[PDB]
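Descriptive analysis of the structure
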Amino acid sequence: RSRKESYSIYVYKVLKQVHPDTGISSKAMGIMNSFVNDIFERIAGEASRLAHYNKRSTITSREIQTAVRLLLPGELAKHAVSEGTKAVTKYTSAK
Amino acid sequence: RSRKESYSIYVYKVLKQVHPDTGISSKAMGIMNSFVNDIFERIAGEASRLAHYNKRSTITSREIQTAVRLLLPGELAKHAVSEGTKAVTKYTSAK
Amino acid sequence: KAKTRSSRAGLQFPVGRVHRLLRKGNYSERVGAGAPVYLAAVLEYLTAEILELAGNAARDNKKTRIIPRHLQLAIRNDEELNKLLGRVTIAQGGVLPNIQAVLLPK
Amino acid sequence: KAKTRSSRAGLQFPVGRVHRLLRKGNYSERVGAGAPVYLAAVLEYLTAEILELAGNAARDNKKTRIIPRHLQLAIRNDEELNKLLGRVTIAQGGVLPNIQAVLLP
Amino acid sequence: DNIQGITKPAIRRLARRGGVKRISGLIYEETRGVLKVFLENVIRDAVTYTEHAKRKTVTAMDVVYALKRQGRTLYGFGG
Amino acid sequence: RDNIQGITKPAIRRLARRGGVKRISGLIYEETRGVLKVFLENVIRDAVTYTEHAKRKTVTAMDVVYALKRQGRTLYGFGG
Amino acid sequence: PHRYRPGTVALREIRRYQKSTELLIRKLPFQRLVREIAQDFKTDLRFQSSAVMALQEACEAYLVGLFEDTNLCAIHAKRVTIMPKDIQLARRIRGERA
Amino acid sequence: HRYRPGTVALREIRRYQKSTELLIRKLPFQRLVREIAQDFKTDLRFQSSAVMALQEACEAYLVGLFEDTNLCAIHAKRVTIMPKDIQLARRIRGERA
DNA sequence: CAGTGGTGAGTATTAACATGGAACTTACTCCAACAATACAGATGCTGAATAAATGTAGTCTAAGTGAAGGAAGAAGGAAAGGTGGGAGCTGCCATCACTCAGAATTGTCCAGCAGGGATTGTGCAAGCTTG
DNA sequence: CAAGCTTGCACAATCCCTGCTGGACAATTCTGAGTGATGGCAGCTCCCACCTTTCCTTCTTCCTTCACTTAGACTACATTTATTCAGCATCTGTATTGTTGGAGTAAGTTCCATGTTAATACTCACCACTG
């Protein structure tokens, strides 16, 4: 009778954002959940190692940026870094 | 100036306990510090993930036991589990 | 009077849930306030990219429902995404159509 | 009065240092009392095994001192240390002397 | 053994999926041995996770964790 | 500029000998130089990323060790 | 009647199975093998259905990849058939031994 | 006199598998490392330990790669190692990503 | 024939241990819904054993060529130094960003209901293949 | 260029399965002290880049000489294609333990802060394994 964590709703929203006419299977949504969880864990763990290396005690957005630069390949890393930086800028200039 | 941190004295002690006639270099000493740090990190990370899977919050001796079983191969795992059980039994019996 | 951080950053992924996941998953004992925003942006970007490629590979095969095969195709056919997911097995996805030209008739 | 947890455990590795590292290495919130004891026992066993094999190798080379090459021989000449340390590269440790059969004259 | 339940046509179809055009007659025993070794490793680690869970039913999570530990990440079975 | 040629043919031969290689074609040396250059590209890129994060200008051995553990080729004896 | 030349139906099967996604080993014999291997570790061990299916997906993907590497090994030796020594070479270069 | 082709090769094999020093020369490797680094970020400084670590990594990588290449060549019924063998070792090994 | 590099006293630092006092994690029942073995039967794809042909793998023999091996001439690298000097590493000083801590409130997520997408079979189109 | 076995391509009619609404409630969000981690600055060492110098260990050609790769010939093994016939996978179906979750209680257990020693890292001096 417990609740369960999922990224399915947001993956579905992004899919409707990028392909408003195509739906998604349930097996494929499970796959998308697994992919999002894996990338989340990779980036967070790399940022945690980065924090321990510099003896800092905080993951700021800078450790996330360095983890993305370390983990994603070239054009993917560039685009992801730009997306994140623009998102943080939009977040800050809205109080 | 600052103090550095290593397992040099203890590696020295164990070497004397297994080869009283043998000395150890300094580069080999750094190699063994690196090895000990690496193994510590492997078992600690495995125990962390093991607890996180089972929704626990504590690394007990059982998490370290299962991590030693997971990381090491057969006979190494057997003898390491025996050593750990012996040491925790002596520690509890001396408390 | 409560505007969610996902809207405040213009994202579709949960900034707050990501922040909580970072705090519980003990990566460091203190988590900045731009870390979840950045991480949610990155995850939503990568999701959007794979979903765009899979939607292309679905419209390619005259379908309106993405399945695991289309994700396999969208991943294994892209250089960067196949490098990111080199050691990832996808369930019920198969492999890419590929025959060595040595094995074909002359 | 005071007695170290290592001597009480009958060990040589520092149970206190390992407990501190676990508590600060950010692996969970709470760290059990027997966890650092178990871990230090395991680490001491592993280092004892490698030291044994490397000391035998050094004696086989008639050298009183253990150098990286001896560690490399001790590792790669065993069947389980080679598996545990197969992606590890030992600095200045060299390679086992092996030549394929066909290349022999 | 039940290792023979992986029949010759099954291994042949697997080879077909991998691009193989012609298959020796001694492939089948060697492939059975390779498959058994791989399964041995994965189920050993899965049962280890199950035991640490104080359980006795091997969940798909235990399998996925064992595979991820082996470096062979698997998608689509939850988590 | 173009210092890769400093990895001379005798150096490649010596590496091959340590690898148990009996005969060597003359087309090896170019392929080996390309392989070495790409491996170095990856490792030094990751090490310089680590160095930039710490807001430094020196690439210590810690960055090299971390970047080598990233690629999957951990190294023992330079700390870490 | 009709007798296809040796190799053409091999290409047809290659194209079919690289077009398909379904599993290629029957479910029940693989379940029996999984349970037999598990009995060597702990007894009265029950399996989730999803657990056996995940194990089957894993083993199938592993065997497919190993076969692709074996085929590249066989092509290297200028052959067209795959041999046990090709599997051994692939699993040595990959590392899947010891 | 003149040694037959293959005795000196095996003598070199035994010798260089016995020893443990760095088969490449220090300074040319350091120059290579520095040019790659400056192609990444300009005016970086290094550490003698860092460049030595890079050399240890690269030579271990190349020794392992030549071992795999030798396996491939022997598989193709040769003793001469050719670039196609290096390419096969890399492809099976997993460096084609 | 050698010496640079593993080792003894002393000492300042600091962190591990002792010890006593709070939250709190989990263990320990107890119960109660899925749910994974366990047969069990109709059915029906499919694999297993076999004969025929054919087409690859292995062995052979012979040019050819290209790689190693030794011989001398350069030749950069390294080994030892000095020496400027820019950067990392410390310590102090704020100070501002992250953490609890407690109310509102609402985003999301099981649980029930429906249109439509693949689907499964039934038949043309065609189409490469084998002769 | 005709005739075959395989596949793609087009309809009919389901089935199930992804939409789709909607109450419940955990989890986000707002707000405000509280505070410690982290910038910001000065200053210091220190190791790092740069430069000079022999002194040779390596590198580079170059011939030449042979062993090794490769191309063609050619057999028989050995895999393949189709066939036919048991036979084991499969698909519902049904009961059945059993096992995993989920609550509620209760206490060992771990955190936490404090005081205090004893273990370490480091610093001078000192000889014995290693060329």
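Residues numbered from 1 in each chain as written, not as in the entry; some residues may be left out. Chains lettered and ligands numbered in written order. Heavy atoms only, no water.

For this deposited structure, the header cites cryo-EM as the method used and 3.5 Å as the resolution.

Per the counting criterion, the structure on display carries 34 salt bridges over all chains. Where A:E46 meets F:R70, a salt bridge forms, and the shortest distance between an N and an O atom there is 3.2 Å. Of this pair, A:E46 sits in helix α2 (residues 26-53) while F:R70 sits in helix α3 (residues 61-71), placing the two residues on different chains. Among the ionic pairs, G:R91 bridges to G:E96, the shortest N-O distance being 3.9 Å. By relative accessible area, which is 14% here, G:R91 ends up buried. (Salt bridge = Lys/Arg side-chain N within 4 Å of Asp/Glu carboxyl O. Helix = DSSP H or I, 4+ residues; strand = E, 2+ residues; numbered from the N terminus. Buried < 20%, exposed > 50% of the residue type's maximum accessible area, 1.4 Å probe, protein only.)

Right, let's talk about the interface of chain D and chain B for a bit. Residue-level contacts link 55 residues of chain D with 56 residues of chain B. Buried area between chain D and chain B, both sides added, is near 5100 Å², and the carbon and sulfur share of it is 71%. Counting the contacts that link chain D with chain B gives 1 salt bridge. A salt bridge links D:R17 to B:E5, with the nearest nitrogen and oxygen atoms 2.7 Å apart. Here chain D and chain B share 19 residue pairs in polar contact between them. Of all the secondary-structure elements, those providing two or more residues to the side of chain D that touches chain B are α1 (5-9), α2 (15-24), β1 (30-31), α3 (34-60), β2 (65-66), α4 (68-76) and α5 (81-84) of chain D. Ranked by residue count, the leading element in the side of chain D that touches chain B is α3(D), at 20 residues. For the side of chain D that touches chain B, a count of residues per class yields 32 nonpolar, 10 polar and 13 charged. Direction of pairing for strand β2 (residues 58-59) of chain B relative to β1(D): parallel, over a ladder of 2 bridges. The partner of B:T58 across the bridge, within β1(D), is D:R30. (Contact = heavy atoms within 4.5 Å. Buried area = accessible area lost by both parts, 1.4 Å probe. Polar contact = N/O pair within 3.5 Å; in protein donor to acceptor, adjacent residues only side chain to side chain. Nonpolar A, V, L, I, M, F, W, Y, C, P; charged D, E, K, R; others polar. Pairing = 2+ DSSP bridges.)

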